[PDB]
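I have placed the structure first, in the form of structure tokens, so that the comments after it can refer back to it.
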Ligand SMILES: CC[C@@H]1[C@@H]2CN(C(=O)[C@H](C(C)(C)C)NC(=O)O[C@@H]3C[C@H]3CCCCCc3nc4ccc(OC)cc4nc3O2)[C@@H]1C(=O)N[C@]1(C(=O)NS(=O)(=O)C2(C)CC2)C[C@H]1C(F)F
Ligand SMILES: [Zn+2]
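Numbering (the deposited numbering), first residue to last: 989 to 1179.
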């Protein structure tokens, strides 16, 4: 199987969040096969792809994290070739690689806030009220299509620190009312 390939990023550096593509589909396919990606990486949230799926990956404490149901056991493409996973935990739906050079890492949240913000692959910043260790409710529910492809993205606190990794959606009749996530403390324990 090919490598996971970084194909873009969510720019959060300014006052406006927006998605940027850094590699098109043909270059993605070639890069997945070789595992050799010479593109410069920037930012905290990467848009990633395999031959068959696209989703997100988030750098926290020097590790690029994403979901097992997107990446499986795959390597990630890098300037020196394929890089093997540093963490794999199917029971948490969690994988991680060493963060690529040029990426910036989020810091784990320590403030205990229950007012969260989910960042999607379309650079929507969606307010979420935390409802448990691994769940939060959308303040404004919306069709699940708006969340598809955003697994591996971050939930952030009001200070912009990482609270969790988006894993699954709670959907009733196609409407997403809540999200389910990997708490950052599970990542910290993994580390
Ligand atoms: C394979 C999809 C996974 C499945 C089902 N799931 C759901 O969300 C479902 C749906 C009904 C919506 C389908 N909800 C749902 O279970 O809710 C109930 C409340 C929770 C409690 C259960 C959590 C289970 C998490 C999970 N652990 C796994 C572990 C190992 C594994 O090994 C193979 C596969 C695993 N699979 C898992 O979950 C996930 C999903 O779709 N995640 C999102 C996404 O965007 N993925 S993606 O980027 O498009 C992608 C698919 C390209 C990568 C965020 C949504 C976005 F769509 F909103
Ligand atoms: Zn915080």
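Using N, Cα and C, we set each Cβ at its ideal position, and we do this for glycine too.
Regarding residue i and ligand 1, is the C-beta to nearest heavy atom distance less than 7 Å?
{"i": "residue 1155", "result": "yes"}
{"i": "residue 1110", "result": "no"}
{"i": "residue 998", "result": "no"}
{"i": "residue 1137", "result": "yes"}
{"i": "residue 1164", "result": "yes"}
{"i": "residue 1152", "result": "no"}
{"i": "residue 1114", "result": "no"}
Give the DSSP-derived three-state secondary structure of residue i in the structure shown.
{"i": "residue 1103", "result": "strand"}
{"i": "residue 1148", "result": "coil"}
{"i": "residue 1156", "result": "strand"}
{"i": "residue 1133", "result": "helix"}
{"i": "residue 1087", "result": "coil"}
{"i": "residue 1005", "result": "coil"}
Assuming residue i and residue j make a contact with CB atoms under 8 Å, what is their CB distance in whole Å?
{"i": "residue 1088", "j": "residue 1121", "result": "Between residue 1121 and residue 1088 the Cβ distance is about 30 Å, and since that is not below 8 Å, they are no contact."}
{"i": "residue 1094", "j": "residue 1047", "result": "7 Å"}
{"i": "residue 1044", "j": "residue 1029", "result": "In fact, because the Cβ distance is near 14 Å, the residues do not count as touching under 8 Å."}
Below 5 Å from a heavy atom of ligand 2 - residues by beta-carbon: 1097, 1099, 1145, 1147, 1149
Cβ pair count under 8 Å reaching 3, the region 1148-1155 against the region 1017-1027: no
Three or more C-beta pairs below 8 Å linking the region 1060-1075 and the region 1102-1119: no
Touch test, the region 1099-1107 against the region 1063-1070, Cβ-Cβ under 8 Å, three pairs minimum: no
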